[PDB]
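Consider the single chain below, provided in structure tokens and representing the form deposited in one PDB entry.
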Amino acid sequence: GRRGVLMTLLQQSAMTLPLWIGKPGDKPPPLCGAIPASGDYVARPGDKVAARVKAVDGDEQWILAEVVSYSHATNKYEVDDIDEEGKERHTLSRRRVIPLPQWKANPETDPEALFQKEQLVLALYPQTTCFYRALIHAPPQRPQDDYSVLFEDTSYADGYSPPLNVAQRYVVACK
């Protein structure tokens, strides 16, 4: 059903993220791990993004989405929710779209392309398709590993969740 479909989709996208394999001298490119997109970057149809969308009842969420189009006439994206239950294709300004990384960084060769401990990020929360503010708790040690993060969470007396794991595909800058 829907719940299984969604969680499978997340795994597919996280696992298939290619690892950046440079040779001596090469630097990790924009959109490898934590390396930001170039200024004026425009994501392509099919690219995964975090997209800041409002509901009809007003609450803003960063959702997992895919680019459908970009109009240079209006400087707006169209994006589709990764969930089929999200029946609205959203028109969004650039500041409402964060491209997900297109490579994983290998901690063993390019650790500068990982977020540092205690950096603020947006991260996909487990069992959801949405991104929320978190601090990095630990970077991945090996290419297969997730980050661990502490989500901001007001249900905890100290305001943070326990460490929760999030794949490199699903951790982006919070600016």
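Residues that one form lacks are left out of the comparison. Residue numbers run from 1 along the displayed sequence. The term rigid core refers to the maximal set of C-alpha atoms that superpose within 1.5 Å between the two forms.
The form deposited in another entry is left out here; the points below concern that form.
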Checklist entry - Hey, does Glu88 budge by 2 Å or more at the Cα between this form and the one not shown once the core is superposed? => result yes
Checklist entry - How does the C-alpha distance between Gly86 and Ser93 change in the other form compared with the present structure, closer or farther, given a change of 3 angstroms or more? => result farther
Item to check | Distance trend in the other form - C-alpha atoms of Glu84 and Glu78, change of 3 Å or more | outcome: farther
Item to check | Consecutive-residue runs (3+) with Cα displacement of 2 Å or more between this form and the one not shown, core aligned | outcome: 23-25, 84-88
